[PDB]
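Asks:
There are 2 protein chains.
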Amino acid sequence: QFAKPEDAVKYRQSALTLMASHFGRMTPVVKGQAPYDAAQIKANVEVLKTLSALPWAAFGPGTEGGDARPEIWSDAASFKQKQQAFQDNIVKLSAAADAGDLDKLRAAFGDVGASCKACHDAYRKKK
Amino acid sequence: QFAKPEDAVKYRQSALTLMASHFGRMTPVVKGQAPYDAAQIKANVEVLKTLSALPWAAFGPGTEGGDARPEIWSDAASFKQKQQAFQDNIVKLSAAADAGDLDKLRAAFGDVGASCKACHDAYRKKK
Ligand code: HEC
Ligand code: HEC
């Protein structure tokens, strides 16, 4: 869906920015600094589920650019494993949110965040 | 969910960029220049449905910035009507996509695009 590589870059950056807002806005809830409304979090995690599937199709071959390491492209199976571990962690977060369980939510949230960081450290250029 | 107004601006710009990609990527299909796969379009419109609900909460009071006209804020009921007409046009597009009907899809797509343009012309600063 991208006319030029720059368009894929802009899409994935926007997707990741959203995904990041929908993940990070739950930090006060997971920490107890904001109240836990199970329905609110269920709905937000559904949004996050949708968003978390979107970035990956915008790293199609030859779309080097942005802060993406070339290592994404030449190690496709392995990048795919990082992506797929992250979404299976998102599945677990959805299960916790759907269950309405703050303890399970906190644990699952931590696992997701670790998976964000794992891909970051391997595949996101240093600033 | 935004620490500063700039964060709301960046969120809504990213949301709108996505929404725009998920809408615009269907143009070749609606024009017949690309094949029509009813399941593909159903799935894409579902993504668009999710995305099309997201920008509006990131124009919360005092979040003037970006290309948003101040007119969004002082005319809240009316901006809300433009937003709500646009999503009711998205509901119609979902119905067309779920029906698997290229004629209904084309008509509904045109209506959505008109609603994008209506809000654009009223509420998006001139470049
Ligand atoms: C888990 C919920 C997260 C969160 C919070 C973020 N990511 Fe990543 N990310 C990855 C790569 C390769 C990039 C660079 C993309 C490019 O510039 O071409 C990024 C970038 C980001 C950003 C910045 C986006 C921007 O506006 O420029 C942010 C805020 C971000 N990420 C947050 C790679 C991955 C992954 C590889 C499989 C995974 C998993 C994640 N990111 C997960 C997350
Ligand atoms: C219907 C599917 C669309 C499409 C394709 C786009 N919009 Fe809009 N839009 C609105 C406002 C106020 C802005 C400015 C936001 C800001 O800068 O603070 C925008 C911006 C955009 C963009 C640019 C985003 C960016 O990356 O900077 C794009 C690509 C875009 N729009 C496409 C306002 C509205 C509406 C008011 C109710 C509606 C409806 C739409 N936009 C619909 C669409």
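These protein sequences, in sequence, are chains U and X. For what it's worth, our numbering labels the leading residue of the first sequence as 1, then goes sequentially. For what it's worth, our numbering labels the leading residue of the second sequence as 1001, then goes sequentially. In this text, a Cβ means the ideal position worked out from N, Cα and C, and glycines have one as well.
#1: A99 (chain U): which of U:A3, U:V45, U:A8 and U:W56 sits nearest, CA to CA?
#2: With 16 as the cutoff for other CB atoms within 10 Å, does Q33 (chain U) come out buried or exposed?
#3: Can you list, in chain order, the stretches of the alpha helix (DSSP H) that have 4 or more residues and sit fully within the segment 26-75 of chain U?
#4: Report the partner residues of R124 (chain U) according to the DSSP bridge assignment.
#5: Out of U:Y36, U:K126 and U:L51, which one is the CA nearest neighbour of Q87 (chain U)?
#6: Mind checking whether the beta-carbon of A68 (chain U) lies closer than 7 Å to any heavy atom of ligand 1?
#7: At a CB-CB cut-off below 7 Å, which residues of chain X make contact with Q1 (chain U)?
#8: Cβ-heavy atom distance between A1020 (chain X) and ligand 2 below 7 Å?
#9: Does any C-beta atom of chain X lie closer than 8 Å to the C-beta of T17 (chain U)?
#10: The alpha helix (DSSP H) spanning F23 (chain U) covers which residue range?
#11: Using a C-beta cutoff of 8 Å, does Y1036 (chain X) count as contacting chain U?
#12: Express the C-alpha separation of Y11 (chain U) and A1095 (chain X) in angstroms, rounding to a whole number.
#13: Can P55 (chain U) and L16 (chain U) be called in contact, C-beta distance under 8 Å?
#14: Could you have a look at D1101 (chain X) and say whether DSSP puts it in helix, strand or coil?
#15: Can you pull the chain U residues whose beta carbon is under 7 Å from the beta carbon of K1010 (chain X), in chain order?
Replies: Here's the rundown:
#1: U:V45
#2: exposed
#3: Secondary structure within the segment 26-75 of chain U: the alpha helix (DSSP H) runs of 4 or more consecutive residues, fully enclosed, are 27-30, 38-52 and 71-74 (chain order).
#4: U:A68
#5: U:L51
#6: yes
#7: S1021 and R1025
#8: yes
#9: yes
#10: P5 to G24
#11: no
#12: 26 Å
#13: Contact flag set, yes.
#14: Of the three classes helix, strand and coil, the one that applies to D1101 (chain X) here is coil, per DSSP.
#15: Within chain U, the residues near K1010 (chain X) are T17.
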